[PDB]
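What follows is a short report on a single structure.
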There are 4 protein chains.
Amino acid sequence: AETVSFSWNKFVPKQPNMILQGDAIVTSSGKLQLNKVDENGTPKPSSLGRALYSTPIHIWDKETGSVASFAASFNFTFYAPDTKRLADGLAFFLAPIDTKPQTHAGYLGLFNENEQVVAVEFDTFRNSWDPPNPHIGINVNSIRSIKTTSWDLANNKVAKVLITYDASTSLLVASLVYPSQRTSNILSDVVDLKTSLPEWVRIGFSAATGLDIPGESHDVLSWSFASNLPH
Amino acid sequence: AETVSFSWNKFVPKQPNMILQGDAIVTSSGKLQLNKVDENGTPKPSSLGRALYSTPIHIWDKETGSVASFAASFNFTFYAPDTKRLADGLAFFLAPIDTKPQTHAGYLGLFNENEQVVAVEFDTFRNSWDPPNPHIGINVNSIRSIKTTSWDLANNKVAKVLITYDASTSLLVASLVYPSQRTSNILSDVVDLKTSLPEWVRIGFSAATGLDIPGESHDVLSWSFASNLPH
Amino acid sequence: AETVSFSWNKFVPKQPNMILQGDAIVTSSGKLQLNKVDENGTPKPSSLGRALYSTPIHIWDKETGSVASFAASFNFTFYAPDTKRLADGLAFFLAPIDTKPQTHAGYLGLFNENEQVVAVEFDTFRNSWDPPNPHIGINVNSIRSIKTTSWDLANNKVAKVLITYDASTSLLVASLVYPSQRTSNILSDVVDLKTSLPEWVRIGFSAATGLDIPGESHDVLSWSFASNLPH
Amino acid sequence: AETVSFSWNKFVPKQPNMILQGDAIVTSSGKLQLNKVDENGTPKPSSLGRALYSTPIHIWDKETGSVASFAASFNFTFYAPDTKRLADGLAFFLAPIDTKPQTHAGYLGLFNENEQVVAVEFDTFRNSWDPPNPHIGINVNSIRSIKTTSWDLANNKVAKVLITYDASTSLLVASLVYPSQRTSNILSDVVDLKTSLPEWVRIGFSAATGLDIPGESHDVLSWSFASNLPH
Ligand SMILES: *[C@@H]1O[C@H](CO)[C@@H](O)[C@H](O)[C@H]1NC(C)=O
Ligand SMILES: *[C@@H]1O[C@H](CO)[C@@H](O)[C@H](O)[C@H]1NC(C)=O
Ligand SMILES: *[C@@H]1O[C@H](CO)[C@@H](O)[C@H](O)[C@H]1NC(C)=O
Ligand SMILES: *[C@@H]1O[C@H](CO)[C@@H](O)[C@H](O)[C@H]1NC(C)=O
Ligand SMILES: [Ca+2]
Ligand SMILES: [Ca+2]
Ligand SMILES: [Ca+2]
Ligand SMILES: [Ca+2]
Ligand SMILES: [Mn+2]
Ligand SMILES: [Mn+2]
Ligand SMILES: [Mn+2]
Ligand SMILES: [Mn+2]
């Protein structure tokens, strides 16, 4: 019966418990910038960042056949100079220890244009596989989400997000909420970890600006997470 | 900095920590029946039950001006012999210590046809003030909800529900989920406790069958809850 | 799998979640006075107070045979005008719902000079059954402790106390610590709840001044507690 | 306000969240062997192991001046073929990220015969600086403990240990308990982290067999730990 939890209400520059990738960095202001931006703070096209959590997570044990439940929360934001021309998006995810980045822009640095990753996307941009309108999605080893739901996204406003995975029912659930606007979104579906990730994994976020365009920055303010893996 | 939490995965007949009201009782089977039903288990019109939690909850302190945050979860179900003719509904709520029941049927035993109660309704029945289709609602000292959202309800299937109240932003958030169906609903809005309940309160559920008709039973399987009231 | 927890860092006058008995009251200053004292704050002989916690605790279930584990912490103090002439003591305890007080002075209001109570005593006074020097003791249905250990008590100084009961090993453990003095005491022994209390109980403290003399007041500053009762 | 916690009831061979050093390894049997032993399981003189926890711990922040509180628990054991001739001991500790081992035998791999380490020792062996009889000690940047207390140690029997550090009072407290024997030991003292470790640290255990002799193996069965570092 293994557990773990952590939580921060700010990010400390150069925390040794974290791992930055791509343009992803930790402002002194405490924010987690994953995207590169102008002196003017303008997001910079073809930008890319990821950020993982040092300790790896024992998602599930093969001996016991046990699968864990975890939940994670965090508040992110996005800045976008032209709310008409948006992209590319943000994700939270579970990968394996060795995970380096991947395709930028529409692949949210998670998938490859070509080719054991699970995640929740906050997609700003209508790709070919994307449905209409910024949505939220569950990605199971694929940028084409198993299920989606509009995301009543809102520029510059903060959003609290909560993600849960119930081993018992095998149900990832994600809800995003915008206190500023008193609006809210939720999504749910089954996901079989036992067959989509390694007995151990590392979690983190990923985020991408557009190619042709800047789109929107993506900074994360806080993160908490916990897991129980039963005997 | 006051806190409290409890949680049960079943109900024990005659738990001294609880309080039954109306037809509300605790089956040996461990369920929390709030409605009276046939030998055949058929809900029985004009039925009514409530069930409160012994210890009262210090929702907020006037000296300090502090307001608490709490969250509560629980899984309920409903049985309805004629999925066409449904009613009347279920609620979870915060009232003051002395709260006895009130109007039955459409008033979900919470309000009076006439006349400091806050709650979340899972309304099966279209009253006059009700919108169309079973919804979910936030009730603030009134059976006419401040905001609502369809409830993709489903007979006989179990639903996990989670309710949160963030003092900081003053935002009650409710999400109901039906793992069986992989569907999900969420609702959010601000609620000022400081002006809608007493420094201390008691929480519990309430549930009602129809007048003219039976409608649907309402049993609750589990309950967990916690609160922090800061210094 | 039933749980419960609460914690306060101060006492609120007239908390509806608590129960006072005897002279036990809640100063505005936030302290929990269990003993009556002078305008000068001088403890008043033959004084007596208890204070219980509203919600009852399901210590153990007969159907399942399950026994719970709990731990409790709290910081108390004692004021004693004549550190030479001390008494009578303080206790923390588990009794059954209906528990009213009992013998004063040396019986710490827990036992009767004559005659299902479990507790930990912080004895200031050498009774006949008492060993030498203020000690700490485990009382199992009897003022004559099953085991004891000196208590390097210290007037007017605050003491943090922690009590644990491990169902698995059936071991109550108590440790008292005096940060002020960087000193510390610990005691341990087995206790069979299953045969010394009711499936349900209520917990609280009890405290007594001397007969012939005042001895020492006993106020409690904070209290936290938790319990898991497994399936 | 940063926190973290983890806990395991067994050790998984080759957990990527841990770090072995010296002879320290993880038996398949789930135990954490820190010492090398015979095919017969006989401890092997001049043996040495340490084991650290992957994620580093932000013990305290210089900007804020904040210091954290943590507590840790774990159950260890020791096997010793000749209960007359014992050594060398075991420790739990906080060091800085880069910590590799150090002096063996009496230095419990923590200190150097010569020369920012804080720890609690379970010393089997009377060095020169050691007091009489296996004790427990608080080591602050030195194998000569700031304070000690006998350890009513017991061969082959399991011991539950609990360590707490209260930032507020700056008091490390350690209590060791032997349910098997219903005995118990406790130690307490102030320790200024702010001046004895780095803003960030890594924790783990260390353990040593004797030089001339085998003494006693040292395996650890379980570990839990948590920390809050306030804003
Ligand atoms: C999200 O977290 C940030 C940083 O911890 C905080 O300043 C902000 O107000 C938070 N927003 C919500 C909605 O909790
Ligand atoms: C809800 O709780 C009940 C009783 O604790 C349990 O048997 C049922 O499977 C639960 N359903 C979900 C979706 O967790
Ligand atoms: C004990 O609790 C009181 C009241 O909460 C506090 O003011 C006091 O400083 C505490 N002492 C210790 C040693 O924690
Ligand atoms: C200590 O932990 C081990 C492994 O988790 C367990 O098997 C053993 O019985 C425990 N002993 C105590 C006293 O809790
Ligand atoms: Ca896209
Ligand atoms: Ca209605
Ligand atoms: Ca006595
Ligand atoms: Ca030594
Ligand atoms: Mn998509
Ligand atoms: Mn309604
Ligand atoms: Mn005694
Ligand atoms: Mn020593």
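Going by the structure tokens order, chains are called A, B, ..., each with residues numbered from 1, while ligands are numbered from 1 in the order shown.
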**OP:** Could you give me, as a list in words, the residues within 6 Å of region 83-93 of chain B, counting only C-alpha atoms and dropping anything in the same chain fewer than 6 positions from it?
**Re:** residues 105, 106, 118, 119, 120, 121, 122, 123, 124, 125, 203, 204, 205, 206, 207, 208, 209, 210, 215 and 216 of chain B
**OP:** Within 10 Å of chain D, which residues of chain A are there when counting only C-alpha atoms? Please give them as a PyMOL selection string.
**Re:** chain A and resi 1-12+15-18+53-58+61+97+200-201+224-229+231
**OP:** Can you tell me which residues come within 12 Å of ligand 2 when counting only C-alpha atoms and all ligand atoms, ideally as a PyMOL selection string?
**Re:** (chain A and resi 165-171) or (chain B and resi 7-12+29-32+73-77+157-162+176-184+219-224) or (chain C and resi 1-2+231)
Subject >> Members of region 1-229 of chain C assigned strand (DSSP E) by DSSP, as a VMD selection string >> reply: chain C and resid 2 to 8 18 to 22 25 to 26 32 to 33 48 to 53 69 to 77 88 to 95 118 to 123 135 to 140 147 to 150 159 to 166 171 to 178 183 to 190 202 to 209 219 to 229
Subject >> Env. residues ligand 11 / 9 Å / only C-alpha atoms and all ligand atoms / as number ranges by chain >> reply: C: 106, 121-127, 129-131, 134-139, 143-145, 147-148
Mind dumping the selected residues with C-alpha atoms as a short mmCIF file (atom, residue, chain, number, x, y, z; two decimals), in the first residue's frame?
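Ended up saving to again_10.cif:
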data_model
loop_
_atom_site.label_atom_id
_atom_site.label_comp_id
_atom_site.auth_asym_id
_atom_site.auth_seq_id
_atom_site.Cartn_x
_atom_site.Cartn_y
_atom_site.Cartn_z
CA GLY C 106 -8.05 10.89 43.66
CA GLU C 121 -3.66 9.44 33.84
CA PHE C 122 -1.45 12.32 34.62
CA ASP C 123 -1.47 11.74 38.40
CA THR C 124 -0.10 14.58 40.64
CA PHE C 125 -1.01 12.70 43.80
CA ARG C 126 0.15 9.66 45.65
CA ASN C 127 -2.87 7.73 46.57
CA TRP C 129 -2.58 2.50 44.88
CA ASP C 130 -0.36 5.22 43.35
CA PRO C 131 3.42 4.59 42.97
CA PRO C 134 3.77 12.05 39.70
CA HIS C 135 3.51 9.54 37.01
CA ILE C 136 1.62 8.68 33.94
CA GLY C 137 -0.64 5.76 33.81
CA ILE C 138 -2.83 3.58 31.81
CA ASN C 139 -6.13 2.96 33.42
CA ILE C 143 -7.86 3.84 39.04
CA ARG C 144 -4.99 1.39 39.74
CA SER C 145 -3.00 1.74 36.52
CA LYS C 147 1.47 0.33 34.09
CA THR C 148 3.12 3.62 34.89
#
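The spacing separating CA of residue 26 (chain B) from CA of residue 218 (chain B) amounts to 12.0 Å.
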